[PDB]
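A.B. asks: This one's experimental. Sequence and coordinates below.
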Amino acid sequence: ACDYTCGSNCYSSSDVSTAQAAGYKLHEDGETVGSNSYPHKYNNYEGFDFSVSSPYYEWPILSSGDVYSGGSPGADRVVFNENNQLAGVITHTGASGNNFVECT
Ligand SMILES: Nc1nc2c(ncn2[C@@H]2O[C@H](CO)[C@@H](O)[C@H]2OP(=O)(O)O)c(=O)[nH]1
Ligand SMILES: [Ca+2]
């Protein structure tokens with residue numbers, strides 16, 4: 001069973017922890033990767049009711065199982081905060097334009 005289902009992409013907790021650790025490390029060091037500069041702030045324009053506090057950051061999580069290192073980020077993201085607490089796993093899949101919906 002999937003811990004998080006983003007459209008048809010299936011993630012375990014392990015996938016999420018791995019992606020989040022990479023994104024948080026870059027965040028801590030002040031470095032980014034890719035043309036969209038990940039990780040970057042996530043403004044929560046959608047207004048998700050995250051259980052942890054802002055500020056929030058987003059980092060791509062890939063269905064290949066690899067950690068994001070540039071190139072296309074796909075549709076899915078992990079959102080973490082300043083304390084490296086996971087806020088949620090979100091996706092552009094099934095959402096209009098560049099909006100997001102929560103992975104289930
Ligand atoms: N939909 C949405 N996009 C956000 C938010 N915060 C940042 N973004 C970024 O704002 C622009 C509009 O979607 C894009 O740069 C998107 O980038 P990402 O694709 O990297 O998430 C947010 O809270 N909601
Ligand atoms: Ca996996």
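C.D. replies: It's in. Residues are numbered from 1 along each chain as shown. Ligands and ions are numbered 1, 2, ... in the order given.
A.B. asks: For residue 68, list the residues it contacts.
C.D. replies: Shown in contact with residue 68 (Cβ atoms under 8 Å, 6 or more residues apart in numbering): 19, 22, 23, 33, 34, 38, 59, 60, 61, 62. For every residue, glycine as well, the C-beta is placed using N, CA and C.
A.B. asks: shouldn't the fourth one be in contact with residue 26?
C.D. replies: Yes. Applying Cβ atoms under 8 Å as the test, residue 33 and residue 26 come out as touching, 6.8 Å apart.
A.B. asks: Bridge partners for residue 101, pull those for me.
C.D. replies: residue 91 (DSSP bridges).
A.B. asks: Quick one: residues contacting it.
C.D. replies: Residue 101 neighbours (Cβ under 8 Å, 6+ apart): 46, 90, 91, 93, 94, 95.
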